[PDB]
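> Give me the fold of what follows.
(chains A, B and C)
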Amino acid sequence: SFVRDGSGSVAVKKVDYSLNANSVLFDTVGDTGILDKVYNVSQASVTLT
Amino acid sequence: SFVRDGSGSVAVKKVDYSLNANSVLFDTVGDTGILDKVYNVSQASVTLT
Amino acid sequence: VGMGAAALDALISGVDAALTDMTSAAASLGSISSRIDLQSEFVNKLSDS
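Numbering: from 1, shown residues only, chains lettered A, B, ... in the order given. Below you will find the coordinate block:
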């Protein structure tokens, strides 16, 4: 959207989308994307970034 | 207008329009005027986490 | 070309500032023209008198 601020200002608002590590679908270079990477499999653990 | 002053004198009146650096529309010599001036309300901003 | 989506906001702000200055200049020109019309009418009336 195009938003004009109250104090005589104009700016353009944008909607952001993240492609960090779960929505990249075969990262080109690092080969660390959602596919083409290894997933840890254990009963009582959690993967933190 | 043409005005004859009461104290035995005459003069001519004029309407003045100022061509400053705000309504110059492409100054022909120094390129200083409407061009090259910013007077911007704000600066580019980014919201971070 | 190849702006980088960072200085585009500053460019938009500068363009808006120039547009506002030109709008003010146009309003001043219209006011001057109205003043000339009123002055012409008054001068004609005074000459008639």
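> Can you pull up the most central residue in chain A?
residue A:18 (2.2 Å; C-alpha atoms, centre = their mean).
> and the residue of chain A nearest chain C?
For chain A and chain C, the shortest gap (C-beta to the nearest C-beta) falls at residue A:10, measuring 4.8 Å. C-betas here are computed from N, CA, C, even on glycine.
> Would you confirm that that residue contacts residue A:1?
No - between residue A:10 and residue A:1 there is no contact under C-beta atoms under 8 Å: 11.7 Å.
> Looking at the two, which is more packed in?
residue A:10 (18 against 7; other C-beta atoms under 10 Å in any protein chain shown).
> residues in contact with whatever helix or strand that one lives in?
Taking DSSP states H and E as the criterion, residue A:10 maps to strand A:9-12. For strand A:9-12, the external contacting residues (C-beta atoms under 8 Å, 6 or more residues apart in numbering or on different chains) are A:1, A:2, A:3, A:4, A:5, B:41, B:42, C:8, C:9, C:12, C:13, C:16.
> The third one pairs with what?
With DSSP bridges applied, the residues forming beta bridges to residue A:3 are residue A:11.
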